Structure formats: structure tokens, C-alpha cells
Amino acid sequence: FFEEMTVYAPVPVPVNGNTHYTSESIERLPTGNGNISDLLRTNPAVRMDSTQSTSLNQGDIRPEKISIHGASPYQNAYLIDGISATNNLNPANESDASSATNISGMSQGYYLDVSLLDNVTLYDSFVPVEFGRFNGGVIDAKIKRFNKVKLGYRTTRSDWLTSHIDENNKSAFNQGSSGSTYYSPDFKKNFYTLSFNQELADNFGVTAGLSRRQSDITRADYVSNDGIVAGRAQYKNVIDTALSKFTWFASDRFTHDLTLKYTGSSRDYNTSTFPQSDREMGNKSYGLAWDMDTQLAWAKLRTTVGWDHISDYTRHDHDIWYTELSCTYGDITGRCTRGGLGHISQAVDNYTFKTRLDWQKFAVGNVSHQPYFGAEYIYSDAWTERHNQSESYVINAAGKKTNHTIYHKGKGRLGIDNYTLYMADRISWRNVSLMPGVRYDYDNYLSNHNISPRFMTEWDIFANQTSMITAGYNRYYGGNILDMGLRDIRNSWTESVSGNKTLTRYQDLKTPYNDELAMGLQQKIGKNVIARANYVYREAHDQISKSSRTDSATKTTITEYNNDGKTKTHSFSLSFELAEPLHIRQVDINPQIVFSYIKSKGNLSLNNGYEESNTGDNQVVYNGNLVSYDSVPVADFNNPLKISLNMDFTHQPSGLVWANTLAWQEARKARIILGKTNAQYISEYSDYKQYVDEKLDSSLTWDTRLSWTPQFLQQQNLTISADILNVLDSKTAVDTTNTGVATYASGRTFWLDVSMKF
């Protein structure tokens, strides 16, 4: 509806607030593990946490965190075919640790292998009324409709990866861990894909995508008090993906779709120091969706009936975790800790009922109107469970148990009703396009009536589509964190002597939101250059943070959640591309320059999210100065300037495609909290928290993918590809400890993949 200059460049970029990633572009770009986060790292609206996936943990194949326009990584709406696929149970808890209540999770409900998706669409700004419950952006994964059998093999290993490690981390890295932080010294990645589409009957068919991504990380199974490794074992990390879509083109009026979705993540861990501490930590999501499109003469009606199960779990091998003062395990003699703390889980089931009505285009004088309305109902069943009774204790040689704790078999469930109403009008007069809209959200979890005004306007300045300006104002209200209401039930299962149970105060919370002011320019320079300039301003208000206290008499820790967090972020992007690529001796060259600049100031850390507790600090000492906390730069997802030269080489006679991305990223600042002993500390300001920012290293990263399709074979069935990540083997310090011990980004990495079509 809005006029747009299509992206012919190597890397997709934001057009009118949205970026489209086709399967061609997902396959052409080197995407590592093939998680949606690998696809979106190149987007100028996105910032990753460079301290997350480092030289120390390339074995892990799970999806990574993404910040859109300064928003936190738990504030994005992840959807599959327009249906919510976001894990709102407790996305901030990523800890791989073992405990009675620890469960590792993230915001992505399904860890989807992107190589099976038809396309992925990211909305970063000018987001329409249909999308909601997010503070930063919307990621919409789309499933292919029948239109072919493809087999794909992809592999990599620790031998093909260069690890830049500080000498201080060498021992922990070789063992495979340091307490609850796990490393991947030795690993082998085998990824298998199977995709097919088959017409089953007249106007009826199905598409099925299956993917098994496995990483076998080798660590020490047992480490002694001395630090002596006794043996090594293989810890299976696997993500299974199963996607399927049935389409029945029943008639001119009706079209039916039935979608089956399933992602199975499973990771084996153990505590090196504790014998018999094996545990399976995982995440399982599956669901169904019946879509129906009814075409009438005056309007189009789209209905969706859906069910999704999103879960995370910890399943120890053992049910008892205990400390023997005189060890009876194997040949261990001293004090030893053995076992595990059973099986726990957390889940949310959504029952979705959506409707959208698209009225036919009509005129009121010379002003063209195309309105649309939506109504949605989502029932959420959210729960946490302790599957088996567990115990902990210290036992003496005689058999006397002390410091005994019992974890009781239990389950706690929550029922939530979510409603959505929305309407927008597509207004078009001459060279001006207008889309005014309003979205309404209500839930009985926080019981807040949320009104989101949504407005974007586009002006074709000369009406020849050479200069187009887009401006807009939009409000984005986020979703809920179900842990707040569920944790107390999980903490009540604990029966111990001096254990503080929890009381969580959250029902008076206002829903967190972003106000956005955005301006976009699409400009044709000369005959062959397309230039895109975008500015996005985001004010993040009523951001969730907390404060706590422990009460002795009642033996309770009272956490009171609040809306004290606030950030201001300025986002700028400048892109240059060619309408026509160069042609030299049959080699087609497609070049692109992308500038991305994101500066954010706030009184919180994005990684902390709703668990942030320092928002009550109105003032801080920052780099020797007593300043307002809101004026201080945000400490994470903080590499402000990004400059990229992207270049695709295509030589059809030889069946070769050469994709290259050269990315220069600005150094991030590592925040350090100063103690009274610190040389830079100021006693004058002792009543305030004091921080110093240490700038680290900038990174020049060259990622490449060389794809060969042997021309001798009829139908071009076979394709062999090589991916090289960080070709220059840049050594970049992503993070540093208080002592000065540095964490490094990953070094040169080689990926080999084969695909056969039939």
C-alpha cells in the first residue's frame, strides 16, 4: 500500500520500518547455527550482546539475544505465521545452573532452524495495529505453502574454530566449566535437514520441514579438589525442528491452512566437582493452527484457531543432592557432594482465537480508503511443576543427616484472559499515503486497559517515486512475565529449617511501553544508486524493575516489582545500494554500504530486564562525576557504531556464488562498580553508587560463504558450500573482569555444507 523502492542489495535492510528476509537471502548469507538471531545480526536496527556467544562457548547452538532500538531482549514479539510464539514465562533466567528451582529459558518460544522457513519478516518501527505485546520489535517466521525433496548436511567442529582465550581462563575452558558457567573446549556439530512439498490431491497439498541440529561438547566428567581431571564425556546439545503446513484451496470463497509446529531443545550437563550430577536441561514447544481465509465481495475475513504449548525443564538423573563428610563414592576420600535435585518444569498453553476483517478499497471524493479491523482472544494456561520429591542434606560417616531440606511434589497453575481490538485505515490522496490506527489490549494478569495509537504517513515528494519521506508516531505496550505469579508456588514446595520463602508483589504494575518517533527517507541518487536513511527515536517508559526485603518473623523475602526503569534511545541508519549490479567478464558484483548508529541512555541494564534493582538510584557517580542515572549510557547491547561493506559475486558459467560481509563494529564499554578501596573512588559521594566505563576493542569482521552448484548435473540438484566466519581472525575483547581478564569474540571458523534437490 505504501510506495517502496525494493531492496536489490546483498543484505536486507529496513524499508518503512520492516525488513524482509527471503529463503534465497537466508541461504546466501552465512548464518552459523541458523537461528533467527544469526539472520538479524546484520540488521541496522538490531544490537546483540557481544559477551553472549564468545570464543569460550561456540558449542552451544541455541538462539541468542537481540535488542531492537534500545529495547531489552525479553521485549520482542516472536511469531510463527502471525501467531504468538514468545516464551513469557521467565525469559531473563538463562542460567545453566542446577538447583531445586533453576530452569533455563529465553524469549524465543521455538528455537526454529531458519533454513526451513519460507521467509522471516522483522518489524522494527512503524509497526501496524495487528502486532502488539512488545517494546522493541516483531519477528514473524513464515511457513512455506506447497508449490521437490531437499536433503541438507551442515557441519563444523572445535578444530575448525580459532579460540582467543586469556591464560586465566585456560584451565576452566579445558575442564569445560567454572561452577555453573559451561564452556565448549571440544565439540562436533552435525546438522541434518529434510524439506519437501507434495500436492496430495486437487488444490490440496502439504510442506514438511525437519531439522536436527546436534553439537556434541566434550568436557571433564569429574574434576578433583586438586584440579585433576579424571575422565572426559560427550554432552549432547540437540535442537530438533518439525514444521508442516497443509493448504486446501477449497473454492474462490474459502482457503484453509493447517499448521503443525514443534521445536525440541535438549542439553546434557553435569557438575564436574559433584559425582552423579548428570542433568538434562531443555525446552519443548509444539502447536497447531487452523487458518481460514474467506473472500467476500465487500471484505476479506481471516480467522485463526490456535493452540501452543511452550515449556522449559530441568530433569536431573538423581533426586537427592547431598554432602558426605566422609565420601563413599569410588575412591574419593574427603568431603564430597553427590547427586541431583529431580525434575521441575514451567509451561504456558495459549488458546488463540483471532479475526481480521479487510474492507474493500473505496473513495470519498479524491481520498482513497481501505480500512481493517481485528478482534483477538487468547486464553493462557501457565504452570510450574515439581515432578518428584527431592531432598538435600549433609550426612556424617555414622549416617547422621543434618541441614536437611525437602522439595515437595507440587504444581501451581494460572489462568489468564487476553483480549485485543484494533482498527486502521489506509488513506491515500494523490502523492500522500496516511495510515491512522488504534490498538486496544486488556488482560486479567495485571488488569490494565492499554490504548496504542499507531500512525505512519508517507509522502512521494515529486510523485515520480525518486524521493519518498515517511514519518510517524506509535506506542508499543509490552507483554507479561508469568514468573511473578508462579514463583511463590514453586518456592513454597521447599521445606527447610532456615529457608526464606517468597512473596511477590506485581499486580499493581503498569504495562511497560515504548513511545516512538521515526523518520525515513528513500532516495534515488543518479541513475543507479538507492540511498536509505532512517532515524528512530524510542522513549522506554514504565520499565519493570524491583526492590526487595527479607522479614525475619515471617521468614519471607518480599519482592515488590515497580515501573521505575526508563531509557531514551536515538537510532540512525544510512544505507547505499545499486539498482543494477556491475558485470565484469560475466562476474556480477552487487555492492552495499550500511551505517548503523544506536545510542541509548537509561537507569537500567537490558540483560537484567525486570530483575533490575538499581532504578531507585536517582543519581550516580559516572566517570568521576555526580550525574542523573537516566543520563548515563546503557551498559549492555552497547556497540553504538556499525559500518558494513557487503559484496556478492556471482559467476553463473561456473555455478559459483560468493557472498561477503565486511562489518566494522565500535568497541563496547565494560561497566565496573567501584569499591571504597578503588583509586578512582570519591569518598565525598560515598552515599551514591559509583561506576567507571572501560572502552574495549573494535572489531573488523569478514564473514564469507562460497557456494558451488556443479553445472554438469542436469536440474542443478547438488550444491557444496563453505562458510568462513571472521576470515581475518580478528582478536576482539568483548568483555573484561575487574582484575582485567578479557573474554574474546570467536576467531576464524569454517562451516562445510552439502544440499541435494530431487
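In this text, residue numbers run from 1 along the sequence as written.
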(message) Our gap detector needs a label for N464 to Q465. Which class matches the unmodelled residues of the deposited sequence there: none, 1 to 3, 4 to 9, or 10 or more?
(response) none
(request) Output the stretch having the higher mean C-alpha B factor in the entry; the candidates are 281-289 and 676-684. (result) 676-684
(request) Going by the average Cα B-factor in the PDB entry, point out whether 37-45 or 706-714 comes out higher. (result) 706-714
(request) Please pick out which of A85, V223, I239, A141 has the largest Cα B-factor as recorded in the entry. (result) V223
(message) Just the C-alpha B-factor column, please: which of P91, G137, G478, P653 has the biggest number?
(response) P653
(message) Ranking the modelled residues of this chain by C-alpha B-factor as given in the entry, is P14 in the lowest, middle or highest third?
(response) lowest
(message) Per the entry's values, where does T749 land by CA temperature factor relative to the rest of its chain, in the lowest, middle or highest third?
(response) lowest
(request) Would you mind ranking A347 by its C-alpha B-factor against the rest of the chain and naming the third, lowest, middle or highest? (result) lowest
(request) Could you look up the Cα B-factor of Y377 in the entry and say which third of the chain it sits in: lowest, middle or highest? (result) lowest
(message) Lowest, middle or highest third: which one holds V727 when the chain's residues are ordered by CA B-factor from the entry?
(response) middle
